[PDB]
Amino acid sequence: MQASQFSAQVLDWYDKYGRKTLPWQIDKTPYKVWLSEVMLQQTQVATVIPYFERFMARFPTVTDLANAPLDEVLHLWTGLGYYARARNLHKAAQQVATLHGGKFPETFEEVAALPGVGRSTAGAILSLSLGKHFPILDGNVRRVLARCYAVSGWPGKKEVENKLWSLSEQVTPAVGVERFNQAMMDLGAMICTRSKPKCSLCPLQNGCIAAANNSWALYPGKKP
């Protein structure tokens, strides 16, 4: 599917069927998007929403989080699992207070330098909260791209990962980047699922190679 048709059909879908009312989409800031991205890395949206609300009520700004005791942060995280995320969350808050005056940094390199934030989470923060022109590549996005363009191979191998990032870059637009990047997460979460994807509900079904061959189970590849 040509890249301009990909982006236009995903944006047209999002306008009518996308999720726009999550709490970290209302009156968005870099801090709210970073906190939600870290909570969502390994947890389902319905479980995260009450934790996100409790964290924003107790820590309205990144400086408030930075100045709190780590034990208090770990107490409020209880139930989300994967506590290395919480330890790195507190460290990143401290890095923003210490190096950046309490204001979230707006360049790719400074965001990626934060503990617990890698290439995709950094692109997510800057595209979704400020409209900067970066693509993402979490597991939801990787599954949609690997099926639509038939990318076999384990994404654990560097050359396959590199191919998926080039494909993401190619289809991600500048105009509407915040809508597009959220829509790709929505598609992978709710429609292009690991098992038995709902292709009839997908705006890529007219150009997707996996749908044409009923071969979604091949993409992405599994570890050998």
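Numbering starts at 1 and runs along the sequence shown.
Taking only CA atoms, the mean B-factor in the PDB entry is higher for 155 to 163 than for the other of 155 to 163 and 27 to 35. The deposited model assigns a higher average Cα B-factor to 106 to 114 than to the other stretch when 106 to 114 and 86 to 94 are compared. Reading the B-factor column for the CA atoms of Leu65, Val177, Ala189, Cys199 in the entry, the top value corresponds to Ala189. Each of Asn181, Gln42, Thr61, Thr47 has a CA temperature factor in the record; the biggest one is found at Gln42. For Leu145, the recorded CA temperature factor ranks within the middle third of the chain's modelled residues. Per-chain ranking of the deposited C-alpha B factor places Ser168 in the lowest third. Among the modelled residues of the chain, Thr21 sits in the middle third by CA temperature factor in this PDB entry. When the modelled residues of the chain are ordered by their C-alpha B factor, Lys132 lands in the highest third. In this PDB entry, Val73 carries a Cα temperature factor that places it within the lowest third of its chain's modelled residues.
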